[PDB]
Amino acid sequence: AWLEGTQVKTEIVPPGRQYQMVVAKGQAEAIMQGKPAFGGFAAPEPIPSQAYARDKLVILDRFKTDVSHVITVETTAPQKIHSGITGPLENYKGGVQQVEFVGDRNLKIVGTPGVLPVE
């Protein structure tokens, strides 16, 4: 998932740090139904489109059929992460910052899911 020959850091980030997280169809349904249906990966920068989620964040169709929603998550306690650059997989280029949550997922949603434009 990570860019070869780049450093993947392990960090602890404080509470109140926010990330953008693409969520699949049933995942977003669970979120709307009060479940903490958080995946392991997010992004520190805005996620502008589904095409970006696919090509830049390398969120594979095999894992998330539907990437039409994005949520804001916020850390609720100190949170271990991996931080680094996405690597290419399949015919996707990667090349943007992502974080992976390590261990406990001390997250909460901020607001409601947003819609990702296809392009």
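All residue numbers refer to positions in the sequence shown, first residue = 1.
Participant: Quick check: 83-91 versus 44-52, which has the larger average CA B-factor in the record?
Facilitator: Result of the comparison: 83-91.
Participant: Looking at the deposited entry, does 28-36 or 67-75 carry the larger mean Cα B-factor?
Facilitator: The stretch with the larger mean CA B-factor is 67-75.
Participant: Among the modelled residues of this chain, does the Cα B factor of residue 96 put it in the lowest, middle or highest third?
Facilitator: Ranked within chain, residue 96 CA B lands in the middle tercile.
Participant: Give the position of residue 110 by CA B-factor within its chain, expressed as the lowest, middle or highest third.
Facilitator: According to the entry, residue 110 has a C-alpha B-factor in the chain's highest third.
Participant: For residue 13, return the chain-relative third of its C-alpha B-factor as stated in the PDB record: lowest, middle or highest.
Facilitator: Middle third.
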